[PDB]
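Notes for the structure review
What follows is the residue order along each chain.
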Amino acid sequence: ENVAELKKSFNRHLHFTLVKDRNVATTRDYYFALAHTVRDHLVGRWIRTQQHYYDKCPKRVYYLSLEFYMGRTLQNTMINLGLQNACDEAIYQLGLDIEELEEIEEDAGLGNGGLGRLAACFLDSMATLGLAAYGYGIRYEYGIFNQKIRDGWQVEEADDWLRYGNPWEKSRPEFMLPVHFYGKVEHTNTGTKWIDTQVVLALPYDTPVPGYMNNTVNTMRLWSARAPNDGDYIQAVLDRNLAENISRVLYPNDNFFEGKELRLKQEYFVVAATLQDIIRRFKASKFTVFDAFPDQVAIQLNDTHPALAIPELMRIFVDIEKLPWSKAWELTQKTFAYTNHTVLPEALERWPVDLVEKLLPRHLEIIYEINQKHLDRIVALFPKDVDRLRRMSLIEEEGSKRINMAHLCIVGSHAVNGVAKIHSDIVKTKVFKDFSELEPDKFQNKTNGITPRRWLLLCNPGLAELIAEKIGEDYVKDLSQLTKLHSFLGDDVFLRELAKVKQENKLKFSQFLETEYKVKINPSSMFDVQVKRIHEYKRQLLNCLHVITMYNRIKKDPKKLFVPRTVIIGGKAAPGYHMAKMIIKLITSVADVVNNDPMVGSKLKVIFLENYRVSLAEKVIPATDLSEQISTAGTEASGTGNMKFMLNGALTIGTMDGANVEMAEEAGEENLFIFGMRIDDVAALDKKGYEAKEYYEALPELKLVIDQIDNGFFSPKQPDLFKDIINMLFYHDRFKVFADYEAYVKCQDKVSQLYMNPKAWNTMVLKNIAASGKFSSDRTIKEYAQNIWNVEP
Amino acid sequence: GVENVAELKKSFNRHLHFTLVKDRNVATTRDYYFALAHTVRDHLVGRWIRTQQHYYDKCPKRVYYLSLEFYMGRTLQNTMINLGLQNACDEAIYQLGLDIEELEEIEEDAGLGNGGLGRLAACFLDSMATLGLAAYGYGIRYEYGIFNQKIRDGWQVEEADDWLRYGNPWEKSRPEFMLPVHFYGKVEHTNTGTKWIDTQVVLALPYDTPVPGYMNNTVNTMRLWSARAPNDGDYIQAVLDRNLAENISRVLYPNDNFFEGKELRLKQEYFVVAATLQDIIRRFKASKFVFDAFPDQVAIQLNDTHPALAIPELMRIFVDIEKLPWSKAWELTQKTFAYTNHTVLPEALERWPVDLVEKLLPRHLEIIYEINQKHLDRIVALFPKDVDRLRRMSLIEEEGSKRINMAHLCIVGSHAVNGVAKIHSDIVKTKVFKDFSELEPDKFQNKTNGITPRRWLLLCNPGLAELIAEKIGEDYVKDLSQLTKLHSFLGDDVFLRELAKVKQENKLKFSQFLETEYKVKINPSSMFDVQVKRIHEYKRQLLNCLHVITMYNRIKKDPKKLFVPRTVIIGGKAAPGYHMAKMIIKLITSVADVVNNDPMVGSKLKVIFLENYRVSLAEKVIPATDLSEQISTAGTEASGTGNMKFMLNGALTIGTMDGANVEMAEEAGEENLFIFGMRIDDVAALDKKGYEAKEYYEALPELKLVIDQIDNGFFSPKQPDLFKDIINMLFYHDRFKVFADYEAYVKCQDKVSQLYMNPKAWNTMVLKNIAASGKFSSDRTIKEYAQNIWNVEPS
Ligand SMILES: O=C(N[C@@H](Cc1ccccc1)C(=O)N1CC(C(=O)O)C1)c1cc2cc(Cl)ccc2[nH]1
Ligand SMILES: O=C(N[C@@H](Cc1ccccc1)C(=O)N1CC(C(=O)O)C1)c1cc2cc(Cl)ccc2[nH]1
Ligand SMILES: *Cc1c(COP(=O)(O)O)cnc(C)c1O
Ligand SMILES: *Cc1c(COP(=O)(O)O)cnc(C)c1O
Ligand SMILES: CC(=O)N[C@@H]1O[C@H](CO)[C@@H](O)[C@H](O)[C@H]1O
Ligand SMILES: CC(=O)N[C@@H]1O[C@H](CO)[C@@H](O)[C@H](O)[C@H]1O
Ligand SMILES: Cn1c(=O)c2c(ncn2C)n(C)c1=O
Ligand SMILES: Cn1c(=O)c2c(ncn2C)n(C)c1=O
Ligand SMILES: Cn1c(=O)c2c(ncn2C)n(C)c1=O
């Protein structure tokens, strides 16, 4: 707890746990010794917390997700346990630099983006609020791949994150479980029997989730695939890899459905294990016995990925626990709650019934029965409307039959929510109209949030300290306290101190940029940042057009006053996403021309931030002046990066989409740079018909950019390299890039104006930060606790 | 002894809490085991760091035992004993209200070996550490060791030995020493020399396991390498294909004394060799180093031919990497390497097809050719005429598909070659490699195998170790020859009663195991007749089987005739692809089922096929053995070591004058062992003449019956011709002349029975074996290797 004792513990671990001394100890060794030293501080409360849940039996919440974008654990753990300052001092006294040791830790990147990071922020919040929550996922041997740029292109490298070992995970062999696949169904007189199946074992690994300063430590249980133990002998042993390939790697797709059998196996794998583990726990507690199940258990479905949980639970209740269908179904609906995270057609999960029949025979039967009972009702309430039956069916018939997992989640759940007002609204009245009309009270909204511990206290200590010195540390657990910040809007000194914090973050992050990339950084320039997964809907392309735009204006009139900028664009593209990869090449091509043109000089620098991940977001976010949140209105369910930048002192330029809409409401629309078409404008443009060749014909600045991109100005060695981009823009652009081009650029010009007025710029910054309270994930979970899970802190 | 138990207790509770995240209410037995292991493990650290730091500071010559196998067994008790902590830990576990025996059984055996070869490496490590030698073991960290064997419907069934599933607290990853290993690619001959390009790369991640000397503060290292894919069409598939590179250290080839020319196997051999040589070279350069002193600082023992590629690999490093001239490098090489021949069985000789090698290790095939060219140029110069000698001495075999004779490469590439027992070393030197020793006489030597007295006496038989200690002191633990002092008790009946009692307690404890694992009811007063080793035709478990049946037919002949009761135990694993071995298992289990259930035989005889024979089990049945079966055909067992364990543990041996049996006889007196059957010369004479198994069948009533019973379905009614392959082998393809030794073997057994009815004489003979086993301590073997091969002294 104190410095002297932390030094002894560190040396004790370096010695007994790493078998090293100071002369032969590696940096990794020091990091592991520090990690173990901090890890020991959690054990007492972790056992105590789990024991408490058993003795008092509070209702349990289970967040079931295929993704958990956790990032690094060491610093986070030191902050939530109140050890950082002590450890920093101890390490320094041992002659080491804690910051260097921290960089050794590999990110636990078992997610793709928002969906996976949301889940991670939720666990932190649930632990901070003292809830009996458990996160359940898959312990991927490989998480989201590590990204590199070779010759301007994204190159993928396996993210072998467990290679050197993971001190934050705890194998729980006594809770191992078998998961079945294939086989056939047998309807006997003693119940239905799913037999002749292939078995794969699931070994759970527990990771502690410490709440912020509250003595609570929950658990994140991730499952690992293992071959059972019961032709060529060698091949047979090697073939054990097949089963174990189930939890081998995370599918690297963000907002896109890939119907691969292996993925279907991962979905069921995590689902079968989790539900059996929850049932066992339930039956092992202080408890026909199952009638109290929904009062003791709440399972949240993170998107439709774990949709199979609905029939799996039914399978268990009926075939194993011998409950009648009617009862089983009732308990199921009371147990599950579904969160819809997207409206993009390509992201919708539709599994071919053929694939499901072969792999999960008993589950196909259960899904069919669920649909029968479901459609019999509709037929009753609407004897005529037969087209309504087709639109609400769990099965799609057009061509090869498929299963609409989202429909399956709606009927098997008692609550369904979008992740932002505009998204939830679209989900309730448009996408699932036929369902909400019958069950209105079933649909809700639960606007996303981000944890102020990792995304403020951890990533920007300077800002957390400044805020804390002015209004106390109360805000860490109740972010709505940041509103008190309005009391200092005319405080010139607090405004200079606010600016100093940002500048320090920029100077430090600049050192990172000149170290990782050649480029020379103008530390006074404006840090224009857009970091997120590469997507056509997110429009990194639109941003790219503006950069080329600024570049030409500079070449055109070199002597014309230009507010300097450092444009940073980063994010991974799904491996099979061709257009995303091309977009990356374009950006890298532009930067090369821009960063090396003598006429532009320190006026404009462009950086493609490589390997964007949680630990990297913690560095660049505190260093940002301008946050790009420019996806086409109605395409971004919510967004969370936007919230991160808001809490850390950046201004936002974006469209009225996702949570951007709610940010404007909290801070006031004038304090954000909103632009472009809105949900209604995009629809009108659709009914009419989007003809992109019109804006190109009516906007010279855009035409120059387009011609340069099309004629090879950015790829001399390959004149037609960006042909596919141009082709999509002129004939296949569902995200209407050309349509928001003019408004975007004019918006960008106003940002530049404001940037030249420090007093005005920071004043707005302060109103934003003051208005960010709403976006703490503690508030999100609070609403989940009260309106869906019915549990208390 | 004060404050030692209390601190062990505190520490134990500290680990259960911080290391296992458990309290006394939720802890599993496995958690208690891991808690004790970490508690014991902490006592190795100080000495391990200190030991290795010392070898760095004093720079003694280092010995490197390179092997594809290390059959280590359990580490817990062994570590406690060598560190002098068993008594204190036993007491700490007890006071904590726990059953220490229950905890130790939790530990998984590190069975990274097939049999005696892998176990010898293990024993050698323990001894080298006990003698304080700067020794290092080098092998592969298999994810799956030798398979767990189960008996289903009388047949052997193999189950994957997933020994790392729950974690191994005894290994320590050393990531900073990872290394790249190359495969495939091609050879480019440029002006900058020869270059091996276009290669596929695999990484080698070493894992160090501490090897504690006995009561001397020395803690050596065993470094095992694990294969990992390097970080650098379809994304998901590409990531899944990383399993291919990792398959190289996935599982141990389960073959004992048998060459299987598989590509994966060749990859394992090169893998451990390339990782090891690079690491050894890196250590040399990091010490007070150009390479002229290498052979004076480095000695690498090649355990059999499996790591043969180490020779051309060192040449490759020396010439292609270090740029040394060929002549100089070849010189450094021979001085560095030493080869130990572990077998003369033709089916066990590694002969790789030149094509497989060219495709996988092209640069190495060129180097092997060049060594052969030089080598043969020498023969030619010494014997201008004799062209046949070239053919018999070449590393390349031409007949049909060209293959590489790895034995020959090891010989020319080494300064010393040895066998593992007088008779085998003589065979190697004068017959198999006759043309070679004639040129270099001094090169060939002998190094009689040994076993470590710590695991095979102190640990597995605490009763006998204490008995002996109360009579002649503890000195014998560090010098086994001190066992001859037991002779003073040749007349003391009191002592003989005590010796019989210890043996009795072991049989009673082991009987509990048997009846709990098998339906059979044991007669604790019966003679424990045991044959536990890998199932082989040359080891002749059949012969033994022919005796059990011969006996069965005798009891059914006169149910009232005095019969010396026996509990016959035959165990061992069969290589998955070894058809005849599996047939022999099915024949032994079938016979057993007929003898164990025959009402007329009752408590006179019981057959038990001991399932899953392995180091931990060996430690169980060995101390409980009365008679040891070591009956391999003369000239087939290069040495054997089981024989040694049994001898040291109070059992009498019935066997042929093969391997180390000859030397056991010389040491204890040929009449203090039941020797029988043909001898090497008798075997040769029978070969020259011609073996006609049918004659002995024709001339031996008791035998003819046993056979007719096997061939007609007496032991397999549902399947009358089930044992056809066995009958057909015994009659027209028996290279191990089973029947030829059947008559001698049966008469020999009757005498064993006779002697057993006489407690006083039986135990007297036993005492004579225990007092003469000192020569078979691996500490003696290692000392001899050190003086005459490695040229090093006890650091
Ligand atoms: O594995 C040991 N410590 C552990 C310490 C550790 C634990 C968890 C995460 C990181 C480090 C170790 O070095 N690793 C576990 C990792 C893996 O799974 O590969 C790497 C260890 C200490 C020790 C001390 C003695 Cl005397 C003998 C064997 C020993 N092993
Ligand atoms: O893994 C931990 N201890 C280790 C302890 C251990 C180490 C070596 C062999 C057996 C046990 C552990 O339980 N295992 C390593 C094995 C594996 O890799 O499967 C199983 C551990 C302790 C701990 C304490 C906190 Cl607060 C959080 C996470 C934690 N993990
Ligand atoms: C927060 C975060 C995201 C989510 O970003 P959006 O802009 O909301 O899409 C994605 N990736 C990482 C690494 C993050 O930290
Ligand atoms: C000693 C030992 C061997 C050796 O068997 P022999 O053929 O008797 O030399 C094989 N397996 C195990 C488990 C051993 O302990
Ligand atoms: C399928 C998917 O990854 N959806 C993503 O979910 C997160 C968390 O709700 C949203 O912020 C984001 O806008 C959306 O694209
Ligand atoms: C190739 C091989 O496994 N050889 C085996 O080695 C051991 C240890 O040297 C000998 O005792 C045994 O007789 C022999 O069969
Ligand atoms: C988002 N996304 C992908 O992630 C993707 C894709 N095609 C392949 N992938 C992987 N498409 C068309 C797409 O929009
Ligand atoms: C690496 N890479 C790509 O990833 C790529 C490409 N063209 C299209 N793509 C997606 N080219 C030319 C290329 O070198
Ligand atoms: C020892 N041995 C084997 O181990 C073996 C074999 N055939 C296959 N195997 C595996 N043969 C004929 C054999 O003698």
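In the PDB header, X-ray crystallography is given as the technique by which the entry was determined, and 2.30 Å as its resolution.

A few points about the overall build of chain B
Helix and strand content of chain B: 33 helices and 25 strands. Whereas a compact globule of 795 residues would reach a radius of gyration of roughly 28 Å, chain B reaches 27 Å, a difference of no more than 12%. With respect to the three principal axes, the spread of C-alpha positions in chain B is 90 × 75 × 60 Å. When each of the 795 residues of chain B is scored for burial, the buried share is 64%. Summed over all atoms, the accessible surface of chain B reaches about 29,900 Å², with 51% contributed by carbon and sulfur. Positive and negative side-chain charges of chain B, numbering 100 and 107 respectively, have mean locations separated by a distance of 1 Å.

Considerations on the overall build of chain A
Within chain A, the regular secondary structure consists of 33 helices and 25 strands. Taken against the 2.2 N^0.38 rule, which gives 28 Å for 793 residues, the C-alpha radius of gyration of chain A at 27 Å falls within 12% of a compact globule. Projected onto its principal axes, the C-alpha coordinates of chain A cover approximately 90 × 75 × 60 Å. When burial is assessed residue by residue, chain A has 64% of its 793 residues classed as buried. Just so you have it, chain A exposes about 29,700 Å², and 51% of that area is on carbon and sulfur atoms. Side-chain charges of chain A comprise 100 positive and 107 negative groups, with the mean position of each set lying 1 Å from the other.

Description of the pattern of salt bridges
Residue and element names in this part refer to chain A. All told, the structure shown has 117 salt bridges over all chains when counted by the stated rule. Residue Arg553 is joined to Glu701 by a salt bridge in which the shortest nitrogen-to-oxygen separation is 2.9 Å. Within this pair, whereas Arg553 is found in helix α22 (residues 540-556), its partner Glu701 is found in helix α29 (residues 700-711), the two being separated by 148 residues in sequence. Salt bridges sharing common partners tie together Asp385, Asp387, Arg388, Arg390, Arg391, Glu398, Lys433, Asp434 and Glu437.

Comments concerning the sheet that holds strand β16 (residues 395-396) of chain A
Strands in a sheet are paired, the pairing made by backbone hydrogen bonds, and the direction either parallel or antiparallel. All names here are of chain A. Judged by pairing direction, the sheet is antiparallel, and its three strands sit side by side in the order β15-β17-β16 without closing on themselves. Of all the strands in the sheet, just β15 (350-352) and β16 have a single pairing partner and so form its edges. Taken together, the three bridges between β15 and strand β17 (residues 402-404) define a ladder with antiparallel strand orientation. Bridged to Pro352 within β17 is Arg402. Lying over the sheet, helix α16 (residues 405-412) contacts β15 and β17, oriented at roughly 45 degrees with respect to β17.

Remarks on the site of ligand 9
Residue and element names in this part refer to chain B. Residues in close proximity to ligand 9 include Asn255, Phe258, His536, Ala575, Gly577 and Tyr578, which together make up its full environment. Burial of ligand 9 by the protein amounts to 79% of the accessible area it has alone, namely 340 Å². A class-by-class count of the residues in the shell around ligand 9 yields three nonpolar, three polar and no charged.

Details of the site of ligand 4
Residue and element names in this part refer to chain B. In the vicinity of ligand 4 there are 14 residues, among which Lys533, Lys539, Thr641, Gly642 and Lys645 approach most closely. Between ligand 4 and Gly642, the relevant distance is 3.2 Å, taken from an oxygen atom to a main-chain nitrogen or oxygen of the residue. Against a free-state accessible area of 390 Å², the protein chains account for coverage of 95% of ligand 4. At the level of elements, α24 (615-621) and α25 (642-648) are the ones that each hand at least two residues to the shell around ligand 4. Each residue belonging to the shell around ligand 4 can be placed in one class, and the counts come to five nonpolar, five polar and four charged. Shared between two domains, the shell around ligand 4 takes at least three residues from each, and those domains are domain 1 (4-450 + 778-793) and domain 2 (451-777).

Regarding the sheet that holds strand β21 (residues 566-571) of chain B
All names here are of chain B. Pairing in this open sheet of six strands is parallel, and the strands run β22-β21-β20-β23-β24-β25 from one edge to the other. Looking at which strands have only one partner, the edges of the open sheet turn out to be β22 (605-608) and β25 (674-675). Summarising the sheet, strand β24 (residues 652-655) and β25 pair through two bridges and their orientation is parallel. Paired with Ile654 across the strands is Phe674, a residue of β25. Contacting β20 (527-532), β21, β22 and β23 (627-630), helix α22 (residues 541-555) crosses the sheet at an angle of about 155 degrees to β21.

Overview of the interface of chain A and chain B
Taken residue by residue, the interface counts 51 residues in chain A and 48 residues in chain B. With both sides pooled, the region where chain A packs onto chain B buries about 4,400 Å², and carbon together with sulfur makes up 62% of that total. At the boundary of chain A and chain B, one finds two salt bridges. At the junction of chain A and chain B, the tally comes to 10 residue pairs in polar contact.

Concerning the UniProt feature "binding site: AMP" in chain A
Mapped onto this structure's residue numbering, the UniProt feature "binding site: AMP" falls at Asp21, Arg22, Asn23, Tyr54 and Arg280 of chain A. Take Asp21 of chain A: it is sitting in the loop between α1 (3-16) and α2 (27-56). For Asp21 of chain A, a relative accessible area of 26% corresponds to the partly exposed category. Setting aside residues no more than four positions away along its own chain, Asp21 of chain A makes contact with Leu14 of chain A together with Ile49 of chain B. Within the structure, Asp21 of chain A has its side chain in polar contact with the backbone nitrogen of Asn23 of chain A (distance 3.2 Å). Note on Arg280 of chain A: relative accessible area 39%, which makes it partly exposed.

Quick notes on the environment of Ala110 of chain B
Along the chain, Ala110 of chain B turns up in strand β3 (residues 110-112). Taking the C-alpha atoms as reference points, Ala110 of chain B and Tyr138 of chain B, 28 residues apart in sequence, are found 15 Å from one another.

A look at the domain arrangement of chain A
Residue and element names in this part refer to chain A. Considered domain by domain, chain A is made up of domain 1 (2-449 + 777-791) and domain 2 (450-776). Taken over C-alpha atoms, the centre of domain 1 sits 32 Å from the centre of domain 2. Contact residues are listed per partner, giving 54 residues for domain 1 and 53 residues for domain 2. Buried area between domain 1 and domain 2, both sides added, is near 4,400 Å², and the carbon and sulfur share of it is 52%. Three residues, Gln147, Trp153 and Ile422, lead the burial of domain 1 against domain 2; their summed loss comes to 14% of the area buried on that side. At the junction of domain 1 with domain 2, the criterion picks out seven salt bridges. A salt bridge links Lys619 to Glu103; its shortest N-O distance comes to 3.2 Å. The interface formed by domain 1 and domain 2 holds 33 residue pairs in polar contact in total. At six residues, the largest contribution of residues to the side of domain 1 that touches domain 2 is made by helix α6 (residues 114-128). When grouped by side-chain class, the residues that make up the side of domain 1 that touches domain 2 number 18 nonpolar, 22 polar and 14 charged.

Thoughts on the nonpolar core
Ranked by internal contacts, the top residues of the largest apolar core, which has 253 residues, are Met126, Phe269, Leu609, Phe738 and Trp789 of chain A. With 12 residues, helix α9 (residues 261-284) of chain A is the largest single contributor of residues to this core. If near-sequence neighbours (up to four positions away) are discounted, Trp789 of chain A is found in contact with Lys59, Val61, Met126, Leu131, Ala298, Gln300, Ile781 and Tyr784 of chain A. Core analysis: the second largest hydrophobic core is formed by 251 residues, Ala329, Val520, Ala651 and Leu755 of chain B among them.

Description of the pairing of strand β22 (residues 604-609) of chain A
All names here are of chain A. Of all six residues that make up β22, six are buried, and the element is covered over most of its length. Here β22 shows a buried face lined by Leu604, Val606 and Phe608 and a second buried face lined by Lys605, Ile607 and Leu609. Inspection of the sheet shows strand β21 (residues 565-570) paired to β22 by six bridges, in the parallel sense. Its bridge partner lying in β22, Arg565 is registered against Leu604. In this fold, β21 hands off to helix α23 (residues 578-595), which returns the chain to β22; that crossover is right-handed.

Calculation rules
- Residues numbered from 1 in each chain as written, not as in the entry; some residues may be left out.
- Chains lettered and ligands numbered in written order.
- Part of a larger assembly, values for the part shown.
- Heavy atoms only, no water.
- Helix = DSSP H or I, 4+ residues; strand = E, 2+ residues; numbered from the N terminus.
- Rg over C-alpha atoms; globule rule 2.2 N^0.38 Å.
- Buried < 20%, exposed > 50% of the residue type's maximum accessible area, 1.4 Å probe, protein only.
- Areas by Shrake-Rupley, 256 points an atom, 1.4 Å probe, with all protein chains shown as cover.
- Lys, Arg positive; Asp, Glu negative; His and termini not counted.
- Charge placed at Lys NZ, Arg CZ, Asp CG, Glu CD.
- Salt bridge = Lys/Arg side-chain N within 4 Å of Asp/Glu carboxyl O.
- Pairing = 2+ DSSP bridges.
- Contact = heavy atoms within 4.5 Å.
- Axes fitted to C-alpha atoms, helices over the stretch in contact; angles between N-to-C directions.
- Near = heavy atom within 4 Å.
- Nonpolar A, V, L, I, M, F, W, Y, C, P; charged D, E, K, R; others polar.
- Polar contact = N/O pair within 3.5 Å; in protein donor to acceptor, adjacent residues only side chain to side chain.
- Domains from an automatic or database assignment.
- Buried area = accessible area lost by both parts, 1.4 Å probe.
- UniProt positions renumbered as here; feature names shortened; annotations may be inferred.
- Core = buried A, V, L, I, M, F, W, Y, C linked by side-chain atoms within 4.5 Å.
- Right-handed = clockwise from strand over helix to strand, strands pointing away.

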